[PDB]
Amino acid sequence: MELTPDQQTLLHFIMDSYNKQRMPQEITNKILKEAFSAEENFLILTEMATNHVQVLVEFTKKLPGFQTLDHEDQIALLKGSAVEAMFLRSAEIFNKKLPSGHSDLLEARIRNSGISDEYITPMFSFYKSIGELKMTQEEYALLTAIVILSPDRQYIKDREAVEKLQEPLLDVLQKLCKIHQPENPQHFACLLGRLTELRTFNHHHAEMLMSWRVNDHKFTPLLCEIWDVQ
C-alpha cells in the first residue's frame, strides 16, 4: 500500500523536527577549508556533539507519545541512543554529494583528525555501508526516530509502551522502502541490519574518545552525562 493520511502527517512532522539540525555543509565546509591539529579537532568534535545532543533531546520530545512515557524510561532511551544517533548523522553527512575530489579530501581529513587507527576502520566500514543504501532524507529521519524508540534498550521498565511508539514509524519506513526501491525487497531489512552495526559504537565510544591523540581530554558536563567520560 501507499502512505495513509495519518502516515504522511507523521512523516512530514518527523521531517520538520529532523531539519532543525545543523546543516551538513556547516560541518564539511570547516573540515574542508583547512587542516587542523588533533587538539583543534577534539574541540570541534566536542562542541558539535554538545549541539547535537541538545537538538536530539528537542527531536525526541517531539516524537509522538514520547512525553507520555515514564520519566526514568525517557532518560534511558536518550542515554541509550545518543552515540548511535551521532554516528548515524555523521554517516548521513559523510555520504552527501560534494564537488569532485571533495569526499576524498573530507575522508583524509577525518582519518587524520586525531582518532586512533583502531577506530578509523570500523567507523569508515559503517559509513560506506550506509552509503551503499542510498538513503533519502526521510529514511535517515525515520531511522533516527526508530533508533531512539528502541524497546530492547537497557534499563527500560516498560518495553511495550516503547514498542507501541516504534511500530508506527517502522510501518512508515517499510512502506517508504517498498516505494523508493521496488528493485530491492531487501531494502527494509538492510536498513534494519545496519542498526546492529550502529550498536557496536556504544561499547567502544569511551575508548575511541580517550585514545584521541591529544594530551588532555576535556568534555562538556552535558557530554559527561551522555557519554560517561570524565
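Residue numbers here begin at 1 and follow the sequence given. Note that the rigid core is defined as the largest set of C-alphas that superpose within 1.5 Å between two forms.
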**Report entry** Comparing 149-157 and 99-107 where Cα RMS over structures and residues is taken in 9 other deposited structures of this protein (core fit), larger one
**Finding:** 99-107
Report task. Going by root mean square C-alpha distance after a core fit, say whether 29-37 or 158-166 is farther from the shown form in 9 other deposited structures of this protein. Result -> 29-37
Requested in this report: Quick one: say whether 103-111 or 150-158 has the higher mean Cα B-factor in the deposited entry.
Outcome: 150-158
Requested in this report: State which stretch shows the higher mean Cα B factor in the entry: 128-136 or 141-149.
Outcome: 128-136
Requested in this report: Go through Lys33, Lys164, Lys175, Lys61 one by one and give the residue whose Cα B-factor in the PDB entry is largest.
Outcome: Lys33
Query raised in the report: When the CA B-factors of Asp171, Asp70, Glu39, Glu47 are compared as recorded in the entry, which is the largest?
Result: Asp70
Query raised in the report: Among the chain's modelled residues, which third holds the C-alpha B-factor of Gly193?
Result: middle
Requested in this report: Divide the modelled residues of the chain into thirds by Cα B-factor and specify which third, lowest, middle or highest, holds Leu223.
Outcome: lowest
Requested in this report: Name the third of the chain's ranked CA B-factors that contains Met208, choosing lowest, middle or highest.
Outcome: middle
Query - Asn95 CA temperature factor, ranked by third within the chain - result: middle
Report summary line: So, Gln54's CA B-factor, relative to its chain, sits in which third? The lowest
